[PDB]
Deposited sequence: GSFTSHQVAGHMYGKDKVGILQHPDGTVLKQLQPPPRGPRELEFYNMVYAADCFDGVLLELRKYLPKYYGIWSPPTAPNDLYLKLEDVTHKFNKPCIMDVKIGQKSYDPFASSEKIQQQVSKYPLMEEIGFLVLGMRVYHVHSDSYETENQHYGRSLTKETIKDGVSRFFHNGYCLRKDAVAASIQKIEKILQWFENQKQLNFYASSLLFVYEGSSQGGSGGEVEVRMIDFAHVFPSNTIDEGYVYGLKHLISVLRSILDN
């Protein structure tokens, strides 16, 4: 993900079929002639999309030009959380389903997975980062404390950012409770708050290489959001 100074990032398309599917998702949602109310409302929760991009001398090399959701922050604290009970799509082979469930076998039980975090610590004027193995190590016994770490700045728990995150997730949940036309697999929520207020908190949906047409509620995604809200809610009692 290449960061441009003008507040928009360039996300390289994943290899096929994943990159192409993510391009068609953004194109569908941000279609200039779209008047589907479900899709127009969905735009509120995604990074703004500026179209396909490639370097002038390299039309082979495909990127999505997207809003940098951290741009308005001075010391952004960033957490990426995968949502859903299944991290594989409805058309995966048995081998791939097994590979995806083995990556984190608690996905069905918990409904979400912390992919990484970058947290600003006030006393040291520095960041502490957690990679993919942090969230994959969390169980039902340790998910609450695992999530809490994102909101602890070295001297206090940022309950303002926790409460704001609940309020922003709730609008996303309401969108999912009022649509029956898309199911989202291996998609995420990007959380951002100000490390240096309630407070600039940004919560945005990202990662759309496995979004499919459907006739039903995305039950796995709803389950994940609800459980994530419940965990964040319990953190307010710390």
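Asker: Lining up the deposited sequence with the coordinates, I want the ranges that have no C-alpha atoms.
Answerer: Gaps in the modelled chain, taken against the deposited sequence, lie at 1-19, 216-219.
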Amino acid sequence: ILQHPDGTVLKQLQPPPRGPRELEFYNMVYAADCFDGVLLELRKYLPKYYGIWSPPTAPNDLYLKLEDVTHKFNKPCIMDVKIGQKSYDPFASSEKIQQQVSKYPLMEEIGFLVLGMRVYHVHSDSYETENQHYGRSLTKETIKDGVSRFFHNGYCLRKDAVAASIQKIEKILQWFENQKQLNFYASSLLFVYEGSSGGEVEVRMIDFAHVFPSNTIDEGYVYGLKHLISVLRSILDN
From here on, numbers count along this sequence of modelled residues.
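In this text, rigid core is short for the largest set of C-alphas that superpose within 1.5 Å between two forms.
Asker: State which stretch is farther from the displayed form on average in 9 other deposited structures of this protein, 206-214 or 56-64, counting RMS CA distance after fitting on the rigid core.
Answerer: Looking at 56-64 and 206-214 in 9 other deposited structures of this protein, the bigger mover is 56-64.
Asker: Do you reckon 147-155 or 132-140 strays further from the shown form in 9 other deposited structures of this protein, measuring C-alpha RMS after a core fit?
Answerer: Stretch with the larger root mean square C-alpha distance in 9 other deposited structures of this protein: 147-155.
Asker: Which is higher on average in the deposited entry, the C-alpha temperature factors of 29-37 or of 207-215?
Answerer: The entry gives the higher C-alpha B-factor average to 29-37.
Asker: Averaging C-alpha B-factors over each stretch, which comes out higher, 80-88 or 122-130?
Answerer: The recorded data point to 122-130.
Asker: Based on the PDB record, which member of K96, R136, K168, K159 exhibits the highest Cα temperature factor?
Answerer: The record points to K96.
Asker: Report the option among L23, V9, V222, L228 whose CA atom has the maximum B-factor in the deposited record.
Answerer: Highest C-alpha B-factor among the listed options: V9.
Asker: Of the three thirds of its chain by CA temperature factor, lowest, middle or highest, which one includes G154?
Answerer: For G154, whose C-alpha B-factor we compare with every modelled residue in the chain, the answer is the highest third.
Asker: By its CA B factor, does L182 count among the lowest, middle or highest third of the modelled residues in the chain?
Answerer: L182: CA B-factor falls in the middle third of its chain.
Asker: Of the three thirds of its chain by CA temperature factor, lowest, middle or highest, which one includes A58?
Answerer: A58: CA B-factor falls in the highest third of its chain.
Asker: Considering only modelled residues of the same chain, in which third does the CA B-factor of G195 rank: lowest, middle or highest?
Answerer: As the PDB entry reports it, the C-alpha B-factor of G195 lands in the middle third of its chain.
Asker: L236: which third of its chain by C-alpha temperature factor?
Answerer: Answer is middle: the recorded C-alpha B-factor places it there.
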